[PDB]
Structures are given as structure tokens and as C-alpha cells.
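Q: Chains as they are written, first to last, in the authors' numbering: chain B, 970 to 1067, 1080 to 1130; chain C, 567 to 588, 632 to 794, 861 to 1067, 1080 to 1164, 1177 to 1210. Ideal Cβ positions, reconstructed from N, Cα and C, are used throughout, including at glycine. Pasting a structure below so you can have a look.
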Ligand SMILES: CCCCCCCC(=O)OC[C@H](COP(=O)(O)O[C@@H]1[C@H](O)[C@H](O)[C@@H](OP(=O)(O)O)[C@H](OP(=O)(O)O)[C@H]1O)OC(=O)CCCCCCC
Ligand SMILES: CCCCCCCC(=O)OC[C@H](COP(=O)(O)O[C@@H]1[C@H](O)[C@H](O)[C@@H](OP(=O)(O)O)[C@H](OP(=O)(O)O)[C@H]1O)OC(=O)CCCCCCC
Ligand SMILES: COCC(CCO[C@H]1CC[C@@]2(C)C(=CC[C@H]3[C@@H]4C[C@@H]5O[C@]6(CC[C@@H](C)CO6)[C@@H](C)[C@@H]5[C@@]4(C)CC[C@@H]32)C1)COC
Ligand code: NA
């Protein structure tokens, strides 16, 4: 357990190098820009979290209808729908090819919900976030320069 | 022309009895300005506007009348210059009203707030805010003074303004903590539990609890008879349905087919009705044998999708999330325009690949699946080298199998480098106007939020059945927030302040 605490504590001392980088004339302003875009990214990540939870609950309820109540249920809701939007989309881990295994009732809805979810989470929200970063950048740049100086 | 709830002074029985056997007018300039604005004489109306009293009410009524007359002229296929003239008049009167409000707020804030909410006895008892809302004057409601008034109305009779929310949550979760809260100058509980913000937080906590219960009965196994949580969810939806029915039957018009068509104007109500009906169908199909039980489970899952999505309506109360929701609403239209082109290209590539690779397929419904499945999952990072263009001991090679990777290269280049980047450009270069319009619309709809929360009963929908049965008892038998009745001395002071304000405005503009 102490080794684990060490391995988690090393991350902060790695991140603290940005405070050392702040002495530069071109890196400090970018660090402060990151600081403000973190707030913007949180505000635009709450909505994505809502949509992700919805799709995960739908898939987990449709595919597995005979699950005993266990803490592992809270893992399948967040695991796969979060790894899915980062390029790890699979065709067998979701909507399995139901000699052949029996077919769960309503298994044909999961790919359609997945298509809608991918369209609304990889084409709409991230592009809107890019627009928000782009159209609120000059003021942040000027304020960051003033604050660093 | 004015609207539904309006009742002009001429049609009242007092004036009808006066006119049956035949005096003067108390305020003549009201009648003269109504005449000048009905006969499409603009300069005379502007001259009559600055005389008399209740100038802001006259400006708002003129704006609404001009807009309604423009709509009527456009509907009756007139010369189509009359519509432009009437719209110009409406915009001029709206601008005058906004300027007068700005001057009044910049002179004295308290009298400016008192001016916007006193009952107007000459205009069928409507405050200035209601007249502005009926005219859809977005700039008037979105002003600083109106927003401050709406905030003071929404906060209720409390006095917490440095940091709210957490205090209200702690009060509603710990009832012995309510008393240690300052108020505005036994009876300190009825005032706390009737502030609109407290009703909103009660409703939000009830909704979160309902969603927590809904996410438990679909993940775990289901049984022949519903468990306790399923009964709680069903009771919640039933009470929500009867609350919607009560809301419909307590509308403004008097016709059943007219109240319904004005209640079906916000898409949230329509979607709520659809979801309630679908859940009712699912629950009816649920209390059956195994296949219908499975179908009811599926309907429960889809309804859970909808109720999860409906949390953005709760999120809209924030000062920074509502505008982003509306921006999403408009970028959805833009994305819908581009998805048609993307789908055309996708269908083309899918048909070409499916026809090239498999030349001995019997006609089956599975053909419509291979066209859309793989070419759609391909542009989301799942590009494979063996699932498409297989390595044809070695299997035989289909004729023309070497075209599929080339068509795929062209399709990926045109669907991941061109169309999505053009969509990013479209989002980026049409963002400032959408942002400004979204801010204006949210600041305008804060009033509707405040009113619809002031109208609602105290109890949340899970236990609203007690407040509905008290409606029956009180049937067989607006002090503030909507209007503010005042005496004659206060009325005279308000009139004098308004005259001083309008005179100063005209003098400053001329200077
Ligand atoms: C992992 C790294 C962790 C430590 C990173 C530590 C963080 C870090 O990167 O510090 C950079 C440090 C700062 O030095 P500093 O900014 O004070 O020096 C400026 C720099 O020399 C500019 O080139 C000068 O002209 P200009 O501005 O171009 O016009 C400028 O003159 P002026 O314009 O003001 O008149 C100088 O002031 O030195 C370096 O720049 C590179 C040599 C580093 C060599 C050492 C590399 C290790
Ligand atoms: C899953 C979540 C579903 C429910 C989400 C429910 C949706 C939701 O998020 O509501 C937020 C709610 C709204 O409160 P509200 O906006 O009315 O309160 C404003 C807020 O306190 C600002 O910080 C104030 O200053 P500023 O604007 O910064 O200058 C502002 O004063 P002013 O500027 O007007 O004079 C206040 O009006 O409270 C919170 O803000 C966070 C505490 C929430 C604590 C409770 C968290 C549960
Ligand atoms: C390993 O075996 C575990 C066993 C104890 C099992 O108890 C069960 C009690 C219900 C509980 C805690 C369990 C699994 C799903 C859990 C759901 C996940 C949901 O997530 C949330 C996620 C986020 C919310 C927005 C929606 O709901 C919950 C309302 C929901 C939630 C926490 C309700 C609670 C459920 C475990 C050990 O005992 C010996
Ligand atoms: Na990718």
C-alpha cells in the first residue's frame, strides 16, 4: 500500500514542473490559458457525462437482463461508453453476433443507440467545444500576458 | 388584436351603459394615441406618446398593436408595403420603451423597479412586464433592471444573495436549520417553503431521487410482481401525469381545443406526453407472461434514455449552461444539414463494397445491414485491414477485389478530412451571433421559469397527491410576483417620477 501511495504521489511532482516552466517568456501564458480552458472544458464535459451515462445504462440494461445486484454494474456503465469515443469502437464487444448463441430480446436497438450516441458525442459536442475555445481566445491571451508580466 | 386575456375599457359594462343613453375622458391621450396608432399615423402617435401619464404602458401597447396589425395585413395579402411600415412602427415604439426604461433605471433604481410591476387600471389590469412579454420584446426583458427585478422576485422573501443553493439545500435537508436564516422585512416556515427557489430545489431533489430509483430496477433482475422501487417509479409517473392534466385544465383560454393547442407550443410538454404514454404502454405490457415482460423491459430502457436526456431542462437554470444548451440546439440543425451529404457518400461506398465483394447473395433483409454497418463504424476510428479486402490454401479471389481499398481511401479522405473540417469551419464562423441570441433568449425565458415555478404547488411530484386532494376541498367551498397593488399617493409619486424621467430623456436626446 505504501508503494501504491508513492506511485500515485509521483504524478503531482511530475505535474509541478509547470511551475518551473512558468519562468519562460512563452510558456507561462500557455499554462494560464490551460488553466482557464480547464473551466470551459469542465462546463462542456458535464453534458457529455450525462449522455454517456444514458447510453451506458441503456446498453447494460438491454444486453444483460438476468444480473444479480453487484458493484460490477456501476463499472460497465462508465467503462465501455467512455473508451468508445476515443477511437476504441468495436463490433463484437458491443452488439455481439447472437450453434449460434441465443439472441436477447431487443438486441437490435443497441447499434442504433450507439450510432446516435457517437454522432452526438464526436461530431457535435467536441466541435462546439473547439468553437468555444477558438472564439474566446484573444481576451484570454491578453489577460494571461498581463497576469504573467 | 391585443390578445386573449385582454379586456379593453370600451367593452366593459360601465362604458356600455354610458353609451346606451348617449361625457368626457379622464385620460384623453390614451384614447388619442390608440386612435393614432390604429389609423397608421406615426408622427401624430409619437407626438401623443410624450403627453399624459403611463408613458411606458402606452409604448408597449403601441408596439403590440403595430405587430398584430402587421401580421393581419400580411395574412390578408395586402400591398406588402403596409407590413413593412407597421413593423418599422413597432420597432420604433419598442426602442422608445427600452430607452425610457434605461433612463428610469439610471435615475433611481427602487422607483424603476416599482414602476415595472404596479397594476395598470386602464389596460385591463396588466403590469408592464406582462405587456412586454405579450409583445415578445426581448430587449426589454433582458435589460439589467428587469433582470434584477426577476432575481429579487425569484429569491422570494429570503435574504441570501452572497452564496445561495448550498444554504437552501441544507435548509430543506435539515428542517431545524431553516430558522437560522435572515428574512426580508410558525410564519417563517410558510414563507420559506413558498419561495420559488425552494420549490425548484425540492423538485430537483425529487427528480434526482426518481432517476436513482429508475436506474436500479433495470440493471438488476426483474420479477413477476413489481418491487417497491418499481411501485415508487410508477406512482411518480402517475402523479406527474395528473399534474400535467391539471396544468392543461388551468390554462388561460376557455376552449378545450384551444387550451391544448396553446399548451402544445413548447416541445418539452409534447415530449413529456409522449414519454408518459410510452411508459404506460410498457407498464401495461410488463404485467404479462415472459415475452411481453421482456418487451416491457425494453420499453423501460428506452424511456430511461429519455428521462436521462431530460436533465438539461433542469440544468438550464444555471447562468452558464442554458446558453450552451441552446447553442447545441442550433448546431443540431447545422449538423443535420451536413449529415445528409455524409450519408449519401456513406451509402455510395457501402453499396459499391457490398456489391463487389459478394456476387452470389440471395435477396435477404441482411443486405440492408451491410451497407450501413461497416461504412459507418469505419469513420469512427475502427478501420480494419482484414474485415475489408480480405487476404484472398489461400482462398479464391473475387473479381475486381483490388478496387475496394482504393474506393475506401477516397471515401476516408472525403469523409474525415473534408466534410468534418468544413463542419468545424461552419460552427466556428457562425458562433458569435448564436451566442448573443442564446444569451438574449435565456435572459428572456428566465421570466417564464419564475412564473411557472411560482404557480406550482409546494410539494414535489412524488408526494403531490396531497396537494391535489386539497384542490378538491378548496373548490367545493397574487400579492407580489405578478402585480403590486398601490395606494393613490404612491400612484401619484410614480406618475410624477415617470414624467420627470421622460422629460429628462427627451432633453438629453435633443442635447
Ligand atoms: C525539463 C526542463 C526543466 C527546466 C526548464 C526550465 C524552464 C525554462 O525553459 O527556462 C528557460 C530559460 C529562461 O531564460 P530567459 O527567458 O530569462 O532568457 C531569455 C532568452 O534568452 C531569450 O532568448 C532572450 O531574447 P528573446 O526573448 O528571444 O527576444 C531574452 O532576452 P530579452 O528579450 O528579455 O531581452 C532572455 O531574457 O532559458 C532559456 O530561455 C533557454 C535556455 C535553457 C537551457 C537549459 C535547458 C535545460
Ligand atoms: C446532476 C446535477 C443535477 C442538478 C443540477 C442543478 C443545475 C445547477 O447547476 O444549478 C446551479 C445552482 C444555480 O444557482 P444560482 O445560479 O441561482 O446562483 C448564482 C451563483 O451562486 C453564482 O456564483 C453567483 O455569482 P456569479 O454568477 O458567479 O457572479 C450568482 O449571483 P449573481 O451574479 O446573480 O449576483 C448566483 O445567482 O447553484 C449553483 O450555482 C451551484 C450550487 C449547486 C449545489 C448543488 C449541487 C448538487
Ligand atoms: C460484489 O457484490 C456486491 C454486494 C452488495 C450489492 O449491493 C447492491 C445494492 C444496490 C447497488 C448499490 C448495487 C449495484 C448497482 C447499484 C447502481 C448503480 C447506480 O448508479 C447509480 C449510478 C449513477 C446515478 C446517476 C444512477 O445510479 C445508482 C442510483 C445506482 C446505483 C448506485 C443503485 C445502487 C445499486 C450493489 C456485496 O455484499 C456482500
Ligand atoms: Na481516432
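With DSSP as the reference, identify every bridge partner of residue 767 (chain C), one or two as the case may be.
A: According to DSSP, residue 767 (chain C) bridges with C:792.
Q: What three-state label does DSSP hand residue 1016 (chain C) in the structure shown?
A: Looking at residue 1016 (chain C) - three-state DSSP - the assignment turns out to be helix.
Q: Along the stretch 1108–1119 of chain C, what residues have a CB closer than 8 Å to any CB found in chain B?
A: Flagged, chain order: 1110, 1111, 1114, 1115, 1118, 1119.
Q: Examine chain C for any beta-carbon lying closer than 9 Å to the beta-carbon of residue 1029 (chain B), and answer yes or no.
A: Yes, residue 1029 (chain B) counts as interfacial toward chain C.
Q: What does residue 893 (chain C) reach in chain B if we use C-beta pairs closer than 8 Å?
A: Within 8 Å Cβ-Cβ: 1026, 1030.
Q: Between which two residues does the alpha helix (DSSP H) harbouring residue 672 (chain C) extend?
A: Residues 664–684.
Q: Of the residues that make up the stretch 1094–1105 of chain B, which ones have a beta carbon closer than 8 Å to any beta carbon in chain C?
A: So the list reads 1094, 1096, 1099, 1100, 1103, 1104, 1105, given in the order they occur along the chain.
Q: DSSP state of residue 918 (chain C), grouped into three classes?
A: Residue 918 (chain C) falls in the helix class under three-state DSSP.
Q: So, helix, strand or coil for residue 990 (chain B), using DSSP?
A: Correct three-state label for residue 990 (chain B): helix.
Q: Got a sec, what are the start and stop residues for the alpha helix (DSSP H) residue 692 (chain C) sits in?
A: Element bounds for residue 692 (chain C): 691–716.
Q: Mapping DSSP to helix, strand and coil, what is residue 1052 (chain C)?
A: If DSSP states are grouped into helix, strand and coil, residue 1052 (chain C) belongs with the helices.
Q: Taking Cβ positions only, does residue 972 (chain C) come closer than 9 Å to chain B?
A: So yes, residue 972 (chain C) belongs to the interface.
Q: My understanding is that residue 870 (chain C) touches residue 765 (chain C), with C-beta atoms under 8 Å, so please give their C-beta distance in whole angstroms.
A: The pair is a contact, with the Cβ atoms about 3 Å apart (cut-off 8 Å).
Q: At the level of alpha carbons, what is the spacing between residue 1115 (chain B) and residue 1101 (chain C)?
A: Whole-angstrom Cα-Cα distance: 24 Å.
Q: Closest Cβ-Cβ distance between residue 1092 (chain B) and chain C: below 9 Å?
A: By this cut-off, residue 1092 (chain B) is an interface position.
Q: Using a Cβ-Cβ cut-off of less than 8 Å, give me the residues of the stretch 1006–1018 of chain C that come near chain B, in sequence order.
A: Residues passing the 8 Å Cβ filter: 1006, 1007, 1010, 1014.
Q: Just the chain B side, please: which residues come within less than 7 Å of residue 976 (chain C) by C-beta, in chain order?
A: Result: 1027, 1030, 1031.
Q: Give a yes or no on contact between the stretch 1094–1109 of chain B and the stretch 981–998 of chain B, applying the rule of three or more CB pairs nearer than 8 Å.
A: Not touching, per the Cβ criterion.
Q: Between residue 1023 (chain B) and chain C, is any beta-carbon pair separated by less than 9 Å?
A: Cβ-Cβ to chain C under 9 Å: yes for residue 1023 (chain B).
Q: When the Cα atoms are used, what is the spatial distance from residue 873 (chain C) to residue 1186 (chain C)?
A: Their backbone Cα atoms lie some 31 Å apart in a straight line.
Q: Short of 8 Å Cβ to Cβ, which residues in the stretch 1031–1045 of chain B face chain C?
A: Hits within the stretch, in order: 1031, 1034, 1035, 1036, 1037, 1038, 1042.
Q: Tell me the residue span of the alpha helix (DSSP H) that contains residue 971 (chain B).
A: Unbroken alpha helix (DSSP H) run through residue 971 (chain B): 971–984.
Q: Please give the ranges of any beta strand (DSSP E) in the stretch 1134–1162 of chain C, keeping only runs that are unbroken, at least 3 residues long and fully inside the region.
A: List check, beta strand (DSSP E) in window: nothing returned.
Q: Can you name, in chain order, every residue of its own chain whose Cβ lies under 8 Å from the Cβ of residue 706 (chain C), other than the five neighbours on each side?
A: Excluding positions up to five away in sequence, the list reads 665, 668, 669, 672, 741, 746, 749.
Q: Measure the alpha-carbon distance for residue 586 (chain C) versus residue 680 (chain C) and round it to whole angstroms.
A: Spanning the two alpha carbons is a distance of roughly 34 Å.
Q: Keeping to the same chain, check which residues put their C-beta closer than 8 Å to that of residue 1031 (chain B); ignore five residues upstream and five downstream.
A: For residue 1031 (chain B), where only same-chain residues beyond five positions count, the Cβ hits under 8 Å are 1085, 1087, 1088, 1090, 1091.
Q: Say whether chain C places a C-beta atom closer than 9 Å to the C-beta of residue 1058 (chain B).
A: True, the Cβ-Cβ gap to chain C drops below 9 Å.
Q: Of all the alpha helix (DSSP H) runs that stay within the bounds of the stretch 1083–1107 of chain B, which reach a length of 4 or more residues?
A: DSSP runs (the alpha helix (DSSP H)) wholly in the stretch 1083–1107 of chain B: 1091–1100.
Q: Measuring only from the beta carbon, is residue 1126 (chain B) closer than 8 Å to any heavy atom that is part of ligand 1?
A: No, Cβ of residue 1126 (chain B) sits at least 8 Å from all heavy atoms of ligand 1.
Q: Assuming contact is defined by CB atoms lying nearer than 9 Å, are residue 961 (chain C) and residue 998 (chain C) in contact in what I supplied?
A: Against a cut-off of 9 Å, the Cβ pair of residue 998 (chain C) and residue 961 (chain C) comes out as no contact.
Q: Is the beta carbon of residue 1110 (chain B) closer than 9 Å to that of residue 1006 (chain C)?
A: In this structure, residue 1110 (chain B) does not lie closer than 9 Å to residue 1006 (chain C) by Cβ.
Q: Is residue 779 (chain C) near ligand 2, in the sense that its beta carbon is under 8 Å from a heavy atom of that ligand?
A: False, no ligand heavy atom lies under 8 Å from that Cβ.
Q: Decide yes or no for the touch test of the stretch 1018–1026 of chain C against the stretch 1048–1065 of chain B: beta carbon pairs closer than 8 Å, at least 3 of them.
A: In short, these stretches do not touch, since the Cβ pair count stays below three.
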